[PDB]
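Heads up, upload_28.txt below (compact mmCIF, N, CA and C atoms):
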# COMPACT_ATOMS: atom_id res chain seq x y z
N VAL A 921 -14.84 -14.36 -36.51
CA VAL A 921 -16.27 -14.51 -36.44
C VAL A 921 -16.73 -14.58 -34.99
N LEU A 922 -16.03 -15.33 -34.16
CA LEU A 922 -16.47 -15.49 -32.78
C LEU A 922 -16.53 -14.21 -31.98
N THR A 923 -15.61 -13.29 -32.19
CA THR A 923 -15.62 -12.08 -31.38
C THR A 923 -16.74 -11.14 -31.81
N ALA A 924 -17.31 -11.39 -32.98
CA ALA A 924 -18.33 -10.53 -33.53
C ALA A 924 -19.64 -10.73 -32.80
N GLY A 925 -19.74 -11.82 -32.05
CA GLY A 925 -20.96 -12.14 -31.34
C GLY A 925 -20.97 -11.57 -29.92
N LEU A 926 -19.93 -10.81 -29.56
CA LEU A 926 -19.83 -10.29 -28.21
C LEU A 926 -20.46 -8.92 -28.02
N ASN A 927 -20.93 -8.68 -26.80
CA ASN A 927 -21.48 -7.38 -26.46
C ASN A 927 -20.33 -6.47 -26.06
N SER A 928 -20.61 -5.23 -25.65
CA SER A 928 -19.49 -4.33 -25.38
C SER A 928 -18.71 -4.68 -24.13
N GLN A 929 -19.36 -5.29 -23.16
CA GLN A 929 -18.67 -5.61 -21.93
C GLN A 929 -17.77 -6.78 -22.17
N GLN A 930 -18.26 -7.71 -22.96
CA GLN A 930 -17.50 -8.88 -23.30
C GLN A 930 -16.36 -8.52 -24.20
N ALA A 931 -16.59 -7.60 -25.14
CA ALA A 931 -15.54 -7.20 -26.04
C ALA A 931 -14.43 -6.51 -25.28
N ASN A 932 -14.77 -5.68 -24.30
CA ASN A 932 -13.74 -5.00 -23.56
C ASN A 932 -12.97 -6.00 -22.72
N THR A 933 -13.68 -6.99 -22.19
CA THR A 933 -13.06 -8.01 -21.37
C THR A 933 -12.10 -8.83 -22.21
N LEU A 934 -12.54 -9.20 -23.41
CA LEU A 934 -11.73 -9.98 -24.31
C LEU A 934 -10.49 -9.24 -24.68
N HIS A 935 -10.64 -7.98 -25.03
CA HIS A 935 -9.49 -7.26 -25.47
C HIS A 935 -8.53 -7.08 -24.34
N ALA A 936 -9.01 -6.82 -23.13
CA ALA A 936 -8.09 -6.66 -22.04
C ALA A 936 -7.30 -7.93 -21.84
N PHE A 937 -7.97 -9.07 -21.92
CA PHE A 937 -7.31 -10.34 -21.79
C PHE A 937 -6.25 -10.57 -22.83
N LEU A 938 -6.62 -10.33 -24.08
CA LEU A 938 -5.67 -10.59 -25.12
C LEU A 938 -4.50 -9.68 -25.03
N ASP A 939 -4.70 -8.41 -24.71
CA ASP A 939 -3.56 -7.52 -24.68
C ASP A 939 -2.57 -7.95 -23.62
N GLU A 940 -3.05 -8.43 -22.48
CA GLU A 940 -2.13 -8.84 -21.44
C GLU A 940 -1.35 -10.10 -21.82
N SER A 941 -2.02 -11.06 -22.44
CA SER A 941 -1.33 -12.28 -22.83
C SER A 941 -0.36 -12.01 -23.96
N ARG A 942 -0.79 -11.15 -24.86
CA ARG A 942 -0.03 -10.80 -26.01
C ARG A 942 1.23 -10.05 -25.65
N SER A 943 1.17 -9.09 -24.72
CA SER A 943 2.41 -8.38 -24.45
C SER A 943 3.40 -9.29 -23.79
N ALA A 944 2.94 -10.25 -23.00
CA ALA A 944 3.91 -11.12 -22.38
C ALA A 944 4.67 -11.89 -23.45
N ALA A 945 3.94 -12.34 -24.45
CA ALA A 945 4.54 -13.09 -25.53
C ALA A 945 5.46 -12.27 -26.39
N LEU A 946 5.06 -11.04 -26.69
CA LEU A 946 5.86 -10.20 -27.53
C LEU A 946 7.10 -9.78 -26.81
N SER A 947 6.98 -9.54 -25.52
CA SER A 947 8.10 -9.09 -24.75
C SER A 947 9.11 -10.20 -24.67
N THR A 948 8.64 -11.43 -24.50
CA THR A 948 9.55 -12.54 -24.40
C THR A 948 10.30 -12.72 -25.71
N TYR A 949 9.56 -12.67 -26.82
CA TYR A 949 10.16 -12.84 -28.12
C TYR A 949 11.18 -11.77 -28.35
N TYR A 950 10.80 -10.53 -28.07
CA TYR A 950 11.65 -9.42 -28.33
C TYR A 950 12.96 -9.54 -27.60
N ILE A 951 12.90 -9.86 -26.32
CA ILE A 951 14.14 -9.87 -25.58
C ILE A 951 15.10 -10.88 -26.13
N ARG A 952 14.62 -12.07 -26.43
CA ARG A 952 15.53 -13.08 -26.91
C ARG A 952 15.89 -13.00 -28.40
N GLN A 953 14.97 -12.53 -29.24
CA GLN A 953 15.21 -12.54 -30.67
C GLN A 953 15.48 -11.20 -31.36
N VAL A 954 15.03 -10.09 -30.78
CA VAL A 954 15.10 -8.79 -31.43
C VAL A 954 16.01 -7.82 -30.74
N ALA A 955 15.95 -7.80 -29.43
CA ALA A 955 16.68 -6.82 -28.67
C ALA A 955 18.11 -6.84 -29.09
N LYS A 956 18.67 -5.65 -29.24
CA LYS A 956 20.04 -5.57 -29.65
C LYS A 956 20.88 -5.78 -28.42
N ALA A 957 22.03 -6.40 -28.59
CA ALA A 957 22.94 -6.68 -27.48
C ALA A 957 23.38 -5.43 -26.74
N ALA A 958 23.48 -4.32 -27.46
CA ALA A 958 23.91 -3.06 -26.89
C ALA A 958 23.02 -2.65 -25.74
N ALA A 959 21.76 -3.05 -25.80
CA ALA A 959 20.80 -2.74 -24.78
C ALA A 959 20.86 -3.87 -23.78
N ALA A 960 21.30 -3.59 -22.57
CA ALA A 960 21.47 -4.68 -21.62
C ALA A 960 20.15 -5.09 -20.99
N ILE A 961 19.35 -5.76 -21.79
CA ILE A 961 18.03 -6.18 -21.38
C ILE A 961 18.06 -7.64 -21.01
N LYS A 962 17.81 -7.94 -19.74
CA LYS A 962 17.84 -9.32 -19.31
C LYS A 962 16.42 -9.77 -19.05
N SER A 963 15.60 -8.83 -18.62
CA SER A 963 14.23 -9.16 -18.32
C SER A 963 13.24 -8.13 -18.80
N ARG A 964 11.99 -8.40 -18.47
CA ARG A 964 10.85 -7.60 -18.89
C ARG A 964 10.93 -6.20 -18.29
N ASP A 965 11.48 -6.12 -17.08
CA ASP A 965 11.65 -4.86 -16.37
C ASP A 965 12.66 -3.96 -17.07
N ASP A 966 13.67 -4.57 -17.67
CA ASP A 966 14.72 -3.83 -18.31
C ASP A 966 14.21 -3.38 -19.64
N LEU A 967 13.36 -4.20 -20.23
CA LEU A 967 12.79 -3.89 -21.52
C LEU A 967 12.01 -2.62 -21.36
N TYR A 968 11.27 -2.49 -20.26
CA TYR A 968 10.56 -1.27 -19.98
C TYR A 968 11.47 -0.08 -19.84
N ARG B 2324 -12.24 37.10 6.28
CA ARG B 2324 -12.65 36.35 5.12
C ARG B 2324 -13.53 35.15 5.41
N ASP B 2325 -13.65 34.73 6.67
CA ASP B 2325 -14.47 33.56 6.96
C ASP B 2325 -15.95 33.91 7.05
N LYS B 2326 -16.54 34.14 5.88
CA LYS B 2326 -17.95 34.46 5.68
C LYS B 2326 -18.78 33.25 6.09
N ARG B 2327 -19.95 33.45 6.68
CA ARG B 2327 -20.73 32.25 7.00
C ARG B 2327 -21.25 31.61 5.72
N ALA B 2328 -20.99 30.32 5.57
CA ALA B 2328 -21.43 29.54 4.41
C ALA B 2328 -22.85 29.07 4.55
N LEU B 2329 -23.50 28.81 3.44
CA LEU B 2329 -24.80 28.18 3.54
C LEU B 2329 -24.58 26.71 3.78
N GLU B 2330 -25.32 26.13 4.70
CA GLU B 2330 -25.22 24.71 4.96
C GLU B 2330 -26.36 23.96 4.29
N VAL B 2331 -26.02 23.13 3.30
CA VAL B 2331 -26.97 22.42 2.46
C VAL B 2331 -26.85 20.90 2.49
N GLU B 2332 -27.96 20.20 2.68
CA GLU B 2332 -27.92 18.75 2.67
C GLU B 2332 -28.61 18.18 1.45
N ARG B 2333 -27.93 17.29 0.73
CA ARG B 2333 -28.51 16.67 -0.46
C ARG B 2333 -28.42 15.15 -0.45
N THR B 2334 -29.52 14.49 -0.77
CA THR B 2334 -29.57 13.04 -0.75
C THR B 2334 -29.33 12.47 -2.15
N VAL B 2335 -28.42 11.53 -2.27
CA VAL B 2335 -28.12 10.92 -3.55
C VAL B 2335 -28.34 9.43 -3.65
N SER B 2336 -29.19 9.02 -4.57
CA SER B 2336 -29.43 7.60 -4.77
C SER B 2336 -28.53 7.11 -5.88
N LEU B 2337 -27.68 6.13 -5.61
CA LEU B 2337 -26.77 5.75 -6.66
C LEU B 2337 -27.50 4.96 -7.71
N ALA B 2338 -28.57 4.27 -7.34
CA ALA B 2338 -29.27 3.54 -8.36
C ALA B 2338 -29.76 4.49 -9.43
N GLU B 2339 -30.16 5.70 -9.04
CA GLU B 2339 -30.64 6.67 -10.00
C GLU B 2339 -29.49 7.16 -10.84
N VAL B 2340 -28.33 7.30 -10.22
CA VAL B 2340 -27.16 7.76 -10.93
C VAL B 2340 -26.76 6.77 -11.99
N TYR B 2341 -26.78 5.49 -11.65
CA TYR B 2341 -26.39 4.51 -12.64
C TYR B 2341 -27.48 4.28 -13.66
N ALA B 2342 -28.73 4.28 -13.23
CA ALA B 2342 -29.81 4.06 -14.15
C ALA B 2342 -29.89 5.17 -15.17
N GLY B 2343 -29.54 6.37 -14.73
CA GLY B 2343 -29.61 7.58 -15.53
C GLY B 2343 -28.38 7.88 -16.37
N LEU B 2344 -27.43 6.97 -16.46
CA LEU B 2344 -26.27 7.31 -17.26
C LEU B 2344 -26.75 7.42 -18.71
N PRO B 2345 -26.08 8.20 -19.55
CA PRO B 2345 -26.37 8.29 -20.96
C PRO B 2345 -26.22 6.92 -21.52
N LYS B 2346 -26.94 6.60 -22.58
CA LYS B 2346 -26.87 5.25 -23.15
C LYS B 2346 -25.46 4.83 -23.52
N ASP B 2347 -24.62 5.80 -23.85
CA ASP B 2347 -23.28 5.54 -24.30
C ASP B 2347 -22.36 5.20 -23.14
N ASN B 2348 -22.85 5.41 -21.93
CA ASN B 2348 -22.09 5.12 -20.75
C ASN B 2348 -22.52 3.81 -20.13
N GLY B 2349 -23.42 3.08 -20.78
CA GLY B 2349 -23.80 1.81 -20.20
C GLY B 2349 -24.64 1.93 -18.94
N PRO B 2350 -25.83 2.52 -18.96
CA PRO B 2350 -26.68 2.70 -17.81
C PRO B 2350 -27.12 1.35 -17.35
N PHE B 2351 -27.35 1.22 -16.06
CA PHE B 2351 -27.78 -0.07 -15.54
C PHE B 2351 -28.57 0.00 -14.27
N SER B 2352 -29.26 -1.09 -13.96
CA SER B 2352 -29.97 -1.20 -12.70
C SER B 2352 -29.01 -1.76 -11.69
N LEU B 2353 -28.74 -0.97 -10.68
CA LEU B 2353 -27.76 -1.30 -9.67
C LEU B 2353 -28.05 -2.59 -8.95
N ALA B 2354 -29.28 -2.80 -8.51
CA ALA B 2354 -29.55 -4.02 -7.76
C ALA B 2354 -29.34 -5.27 -8.62
N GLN B 2355 -29.69 -5.18 -9.90
CA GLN B 2355 -29.57 -6.34 -10.76
C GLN B 2355 -28.13 -6.65 -11.06
N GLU B 2356 -27.33 -5.61 -11.27
CA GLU B 2356 -25.95 -5.88 -11.58
C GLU B 2356 -25.23 -6.40 -10.37
N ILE B 2357 -25.59 -5.93 -9.18
CA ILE B 2357 -24.92 -6.46 -8.01
C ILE B 2357 -25.23 -7.92 -7.89
N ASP B 2358 -26.48 -8.30 -8.08
CA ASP B 2358 -26.78 -9.71 -7.95
C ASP B 2358 -25.94 -10.53 -8.92
N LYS B 2359 -25.84 -10.09 -10.16
CA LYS B 2359 -25.05 -10.86 -11.09
C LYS B 2359 -23.59 -10.91 -10.73
N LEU B 2360 -23.02 -9.79 -10.31
CA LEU B 2360 -21.61 -9.75 -9.98
C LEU B 2360 -21.27 -10.56 -8.78
N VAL B 2361 -22.15 -10.61 -7.82
CA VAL B 2361 -21.90 -11.41 -6.65
C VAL B 2361 -21.97 -12.89 -7.00
N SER B 2362 -22.96 -13.29 -7.80
CA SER B 2362 -23.08 -14.69 -8.19
C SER B 2362 -21.88 -15.15 -9.01
N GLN B 2363 -21.36 -14.26 -9.83
CA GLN B 2363 -20.21 -14.53 -10.66
C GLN B 2363 -18.94 -14.31 -9.88
N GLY B 2364 -17.84 -14.92 -10.30
CA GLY B 2364 -16.61 -14.65 -9.56
C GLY B 2364 -15.95 -13.34 -9.94
N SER B 2365 -16.45 -12.74 -11.01
CA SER B 2365 -15.93 -11.50 -11.56
C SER B 2365 -16.92 -10.83 -12.47
N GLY B 2366 -16.48 -9.74 -13.06
CA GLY B 2366 -17.29 -8.99 -14.00
C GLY B 2366 -17.30 -7.53 -13.65
N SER B 2367 -18.07 -6.78 -14.42
CA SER B 2367 -18.20 -5.35 -14.24
C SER B 2367 -19.50 -4.87 -14.85
N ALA B 2368 -19.87 -3.63 -14.54
CA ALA B 2368 -21.04 -2.99 -15.12
C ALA B 2368 -20.79 -1.52 -15.26
N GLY B 2369 -21.30 -0.92 -16.32
CA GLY B 2369 -21.09 0.51 -16.50
C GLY B 2369 -19.71 0.73 -17.08
N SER B 2370 -19.21 1.95 -17.01
CA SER B 2370 -17.93 2.28 -17.62
C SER B 2370 -17.33 3.53 -17.01
N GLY B 2371 -16.08 3.82 -17.35
CA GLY B 2371 -15.49 5.07 -16.90
C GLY B 2371 -15.44 5.13 -15.39
Encoded form using structure tokens:
Amino acid sequence: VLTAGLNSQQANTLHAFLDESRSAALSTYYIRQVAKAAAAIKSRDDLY
Amino acid sequence: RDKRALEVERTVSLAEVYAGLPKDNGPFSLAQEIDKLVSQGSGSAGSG
């Protein structure tokens, strides 16, 4: 409901914010919980 | 091949450029948006 009250500039700002916070979280989760051992991923750079 | 070129001078007002953007591009008054952006620590106006 709260995001529905935003204008287009605010919506773009919000989405940019969330996507950046979100990828950090997903990347962290992935490396420790999902990444297969075969892939020698130690950090976010390796994940890329 | 070095033909003499026509030499043309054209004056461009950016306020008109921004004010005149199509509605879908977020047209704006340049002076007003600058005031807001300067007062704020961040933000943006327009798009693309």
Which residues are near region 2349-2352 of chain B? Cut-off 7 Å, all atoms listed in the file, ignore same chain within fewer than 3 positions. Put them as an mmCIF file with N, CA and C atoms, in the coordinates of the input.
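The result, stored in around_25.cif:
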data_model
loop_
_atom_site.group_PDB
_atom_site.id
_atom_site.type_symbol
_atom_site.label_atom_id
_atom_site.label_comp_id
_atom_site.auth_asym_id
_atom_site.auth_seq_id
_atom_site.Cartn_x
_atom_site.Cartn_y
_atom_site.Cartn_z
ATOM 1 N N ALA B 2338 -28.570 4.270 -7.340
ATOM 2 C CA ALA B 2338 -29.270 3.540 -8.360
ATOM 3 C C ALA B 2338 -29.760 4.490 -9.430
ATOM 4 N N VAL B 2340 -28.330 7.300 -10.220
ATOM 5 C CA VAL B 2340 -27.160 7.760 -10.930
ATOM 6 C C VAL B 2340 -26.760 6.770 -11.990
ATOM 7 N N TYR B 2341 -26.780 5.490 -11.650
ATOM 8 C CA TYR B 2341 -26.390 4.510 -12.640
ATOM 9 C C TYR B 2341 -27.480 4.280 -13.660
ATOM 10 N N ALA B 2342 -28.730 4.280 -13.230
ATOM 11 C CA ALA B 2342 -29.810 4.060 -14.150
ATOM 12 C C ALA B 2342 -29.890 5.170 -15.170
ATOM 13 N N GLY B 2343 -29.540 6.370 -14.730
ATOM 14 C CA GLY B 2343 -29.610 7.580 -15.530
ATOM 15 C C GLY B 2343 -28.380 7.880 -16.370
ATOM 16 N N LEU B 2344 -27.430 6.970 -16.460
ATOM 17 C CA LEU B 2344 -26.270 7.310 -17.260
ATOM 18 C C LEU B 2344 -26.750 7.420 -18.710
ATOM 19 N N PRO B 2345 -26.080 8.200 -19.550
ATOM 20 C CA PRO B 2345 -26.370 8.290 -20.960
ATOM 21 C C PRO B 2345 -26.220 6.920 -21.520
ATOM 22 N N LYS B 2346 -26.940 6.600 -22.580
ATOM 23 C CA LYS B 2346 -26.870 5.250 -23.150
ATOM 24 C C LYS B 2346 -25.460 4.830 -23.520
ATOM 25 N N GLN B 2355 -29.690 -5.180 -9.900
ATOM 26 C CA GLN B 2355 -29.570 -6.340 -10.760
ATOM 27 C C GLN B 2355 -28.130 -6.650 -11.060
ATOM 28 N N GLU B 2356 -27.330 -5.610 -11.270
ATOM 29 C CA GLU B 2356 -25.950 -5.880 -11.580
ATOM 30 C C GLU B 2356 -25.230 -6.400 -10.370
ATOM 31 N N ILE B 2357 -25.590 -5.930 -9.180
ATOM 32 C CA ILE B 2357 -24.920 -6.460 -8.010
ATOM 33 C C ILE B 2357 -25.230 -7.920 -7.890
ATOM 34 N N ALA B 2368 -19.870 -3.630 -14.540
ATOM 35 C CA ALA B 2368 -21.040 -2.990 -15.120
ATOM 36 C C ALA B 2368 -20.790 -1.520 -15.260
ATOM 37 N N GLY B 2369 -21.300 -0.920 -16.320
ATOM 38 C CA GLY B 2369 -21.090 0.510 -16.500
ATOM 39 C C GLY B 2369 -19.710 0.730 -17.080
ATOM 40 N N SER B 2370 -19.210 1.950 -17.010
ATOM 41 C CA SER B 2370 -17.930 2.280 -17.620
ATOM 42 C C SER B 2370 -17.330 3.530 -17.010
#
Two-atom distance - CA of residue 2354 (chain B), CA of residue 2336 (chain B) (Å):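 These atoms are spaced 12.0 Å apart.
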Could you work out which residues of chain A fall inside 12 Å of chain B? Count only C-alpha atoms, and format the result as a tab-separated table (two decimals) with N, CA and C atoms, in the frame of the given file.
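See part00.tsv below for the written result:
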chain	number	residue	atom	x	y	z
A	927	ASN	N	-20.93	-8.68	-26.80
A	927	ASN	CA	-21.48	-7.38	-26.46
A	927	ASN	C	-20.33	-6.47	-26.06
A	928	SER	N	-20.61	-5.23	-25.65
A	928	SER	CA	-19.49	-4.33	-25.38
A	928	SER	C	-18.71	-4.68	-24.13
A	929	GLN	N	-19.36	-5.29	-23.16
A	929	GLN	CA	-18.67	-5.61	-21.93
A	929	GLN	C	-17.77	-6.78	-22.17
A	930	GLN	N	-18.26	-7.71	-22.96
A	930	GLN	CA	-17.50	-8.88	-23.30
A	930	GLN	C	-16.36	-8.52	-24.20
A	932	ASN	N	-14.77	-5.68	-24.30
A	932	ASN	CA	-13.74	-5.00	-23.56
A	932	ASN	C	-12.97	-6.00	-22.72
A	933	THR	N	-13.68	-6.99	-22.19
A	933	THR	CA	-13.06	-8.01	-21.37
A	933	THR	C	-12.10	-8.83	-22.21
A	934	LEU	N	-12.54	-9.20	-23.41
A	934	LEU	CA	-11.73	-9.98	-24.31
A	934	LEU	C	-10.49	-9.24	-24.68
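CA of residue 926 (chain A) to CA of residue 2363 (chain B) spans 18.1 Å [interatomic distance, one decimal].
Rounded to one decimal, CA of residue 959 (chain A) and atom N of residue 940 (chain A) lie 24.6 Å from each other.
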Alpha helix (DSSP H) call set, DSSP backbone run, chain A, as a PyMOL selection string: chain A and resi 928-949+964-967
Residue among B:2334, B:2371, B:2362, B:2325 lying closest to residue 2348 (chain B), counting only C-alpha atoms: B:2371
Contact residues around region 947-950 of chain A with only C-alpha atoms at 10 Å, ignoring same-chain residues under 4 positions, as JSON, numbers by chain: {"A": [942, 943, 954, 955, 956, 961, 963, 964, 967, 968]}
Filled-in N, CA, C and O atoms of region 2329-2345 of chain B, supplied as a compact mmCIF listing (two decimals), in the frame of the given file:
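Output file rebuild-v6.txt is given in full below:
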# COMPACT_ATOMS: atom_id res chain seq x y z
N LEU B 2329 -23.50 28.81 3.44
CA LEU B 2329 -24.80 28.18 3.54
C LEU B 2329 -24.58 26.71 3.78
O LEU B 2329 -23.78 26.09 3.08
N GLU B 2330 -25.32 26.13 4.70
CA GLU B 2330 -25.22 24.71 4.96
C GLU B 2330 -26.36 23.96 4.29
O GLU B 2330 -27.52 24.18 4.62
N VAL B 2331 -26.02 23.13 3.30
CA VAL B 2331 -26.97 22.42 2.46
C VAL B 2331 -26.85 20.90 2.49
O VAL B 2331 -25.76 20.35 2.36
N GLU B 2332 -27.96 20.20 2.68
CA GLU B 2332 -27.92 18.75 2.67
C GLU B 2332 -28.61 18.18 1.45
O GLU B 2332 -29.75 18.53 1.16
N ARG B 2333 -27.93 17.29 0.73
CA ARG B 2333 -28.51 16.67 -0.46
C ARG B 2333 -28.42 15.15 -0.45
O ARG B 2333 -27.36 14.56 -0.17
N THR B 2334 -29.52 14.49 -0.77
CA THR B 2334 -29.57 13.04 -0.75
C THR B 2334 -29.33 12.47 -2.15
O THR B 2334 -29.98 12.88 -3.12
N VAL B 2335 -28.42 11.53 -2.27
CA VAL B 2335 -28.12 10.92 -3.55
C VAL B 2335 -28.34 9.43 -3.65
O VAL B 2335 -27.68 8.64 -2.97
N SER B 2336 -29.19 9.02 -4.57
CA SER B 2336 -29.43 7.60 -4.77
C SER B 2336 -28.53 7.11 -5.88
O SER B 2336 -28.62 7.61 -7.01
N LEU B 2337 -27.68 6.13 -5.61
CA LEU B 2337 -26.77 5.75 -6.66
C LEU B 2337 -27.50 4.96 -7.71
O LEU B 2337 -27.12 4.98 -8.88
N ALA B 2338 -28.57 4.27 -7.34
CA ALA B 2338 -29.27 3.54 -8.36
C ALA B 2338 -29.76 4.49 -9.43
O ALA B 2338 -29.79 4.13 -10.60
N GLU B 2339 -30.16 5.70 -9.04
CA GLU B 2339 -30.64 6.67 -10.00
C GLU B 2339 -29.49 7.16 -10.84
O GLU B 2339 -29.63 7.38 -12.04
N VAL B 2340 -28.33 7.30 -10.22
CA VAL B 2340 -27.16 7.76 -10.93
C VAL B 2340 -26.76 6.77 -11.99
O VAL B 2340 -26.44 7.16 -13.11
N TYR B 2341 -26.78 5.49 -11.65
CA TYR B 2341 -26.39 4.51 -12.64
C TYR B 2341 -27.48 4.28 -13.66
O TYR B 2341 -27.22 4.14 -14.86
N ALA B 2342 -28.73 4.28 -13.23
CA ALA B 2342 -29.81 4.06 -14.15
C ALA B 2342 -29.89 5.17 -15.17
O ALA B 2342 -30.25 4.95 -16.32
N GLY B 2343 -29.54 6.37 -14.73
CA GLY B 2343 -29.61 7.58 -15.53
C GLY B 2343 -28.38 7.88 -16.37
O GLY B 2343 -28.29 8.98 -16.93
N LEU B 2344 -27.43 6.97 -16.46
CA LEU B 2344 -26.27 7.31 -17.26
C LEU B 2344 -26.75 7.42 -18.71
O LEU B 2344 -27.76 6.82 -19.07
N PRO B 2345 -26.08 8.20 -19.55
CA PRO B 2345 -26.37 8.29 -20.96
C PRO B 2345 -26.22 6.92 -21.52
O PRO B 2345 -25.39 6.16 -21.04
